[PDB]
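As structure tokens, one chain now follows by itself in the form deposited in one PDB entry.
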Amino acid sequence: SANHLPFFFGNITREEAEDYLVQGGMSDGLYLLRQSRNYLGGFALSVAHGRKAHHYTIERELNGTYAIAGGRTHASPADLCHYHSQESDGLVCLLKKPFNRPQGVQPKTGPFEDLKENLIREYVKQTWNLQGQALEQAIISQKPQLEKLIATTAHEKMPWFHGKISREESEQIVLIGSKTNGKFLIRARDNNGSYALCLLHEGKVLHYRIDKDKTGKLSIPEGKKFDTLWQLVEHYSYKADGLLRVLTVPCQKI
């Protein structure tokens, strides 16, 4: 329920947040809120101070409170922003002026966010045999648990996920058809938490390892850490960030 904040931009990138702060004058204490792109249920706070951008991850704690690492918990991202408008409490500066969404600009949603509500609805309907207002009351009654369940499993039916197939199989399926640069898929390996990203670069198939660390966080070695595979694909579809190129078209299943 951060959509109600006029300075919440949804799923924009660090770079887009920095472009918006520049457009807003880059004044000390100028700030906006965005959806975290690598922490599930998380937000990011982007603040101008000393003509630079400062970015803070606001995690959703186990108990449904919100905190920057090393900070007190708050009931909501709104409360955290209100609090940091009064007390710096370790932040680079006080939150002075929200940069609001310019007229007509909505919170950005990504591909997962567009499927989320329908996937939660269809799961509750099939699992619990509910319809109409009963169905909506169920969804609302367990929204946080349902959001978590659907986010951790949504990749299974996304077009770029090919399940447990071999290295050799993945090369064959990627090399069939038009050799579109950035054509990609993700496959499961042995360890139930390990994956590979398969990416077409100038007619060659690149294999990048995706490992689950002790937190449950997914990363390519030396790469940004994500709670989910769909976060990883959205990131590497926006910029290469260490890959030889950006992900483009999902490799169709057979």
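Each residue number is its position in the shown sequence, starting from 1. For clarity, a rigid core is taken as the largest C-alpha set superposing within 1.5 Å between two forms.
The stretch 99 to 107 shows the higher mean C-alpha B-factor when 99 to 107 is compared against 119 to 127 in the entry. Higher average CA B factor: 216 to 224, of the stretches 30 to 38 and 216 to 224. Among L229, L45, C198, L62, the highest C-alpha B-factor recorded in the PDB entry belongs to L62. Among all modelled residues in this chain, the alpha-carbon of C81 has a temperature factor (C-alpha) in the middle third.
Per the deposited record, the Cα B-factor of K143 falls in the lowest third when ranked against the other modelled residues of its chain.
When the CA B factors of the chain's modelled residues are split into thirds, the value for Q172 lands in the highest one.
When all modelled residues of the chain are sorted by CA temperature factor, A67 is found within the lowest third. In the deposited entry, the Cα temperature factor of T153 sits in the bottom third of values across the chain's modelled residues.
Just so it is clear, the following notes concern the form deposited in another entry, a form of the same protein that is not shown.
Once the rigid core is used as the reference frame, the Cα position of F99 differs between this form and the one not shown by 2 Å or more. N181 is not among the residues whose C-alpha shifts by 2 Å or more between this form and the one not shown once the rigid core is aligned; its shift stays under 2 Å. When the rigid core is held fixed, the Cα atom of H84 travels 2 angstroms or more between this form and the one not shown.
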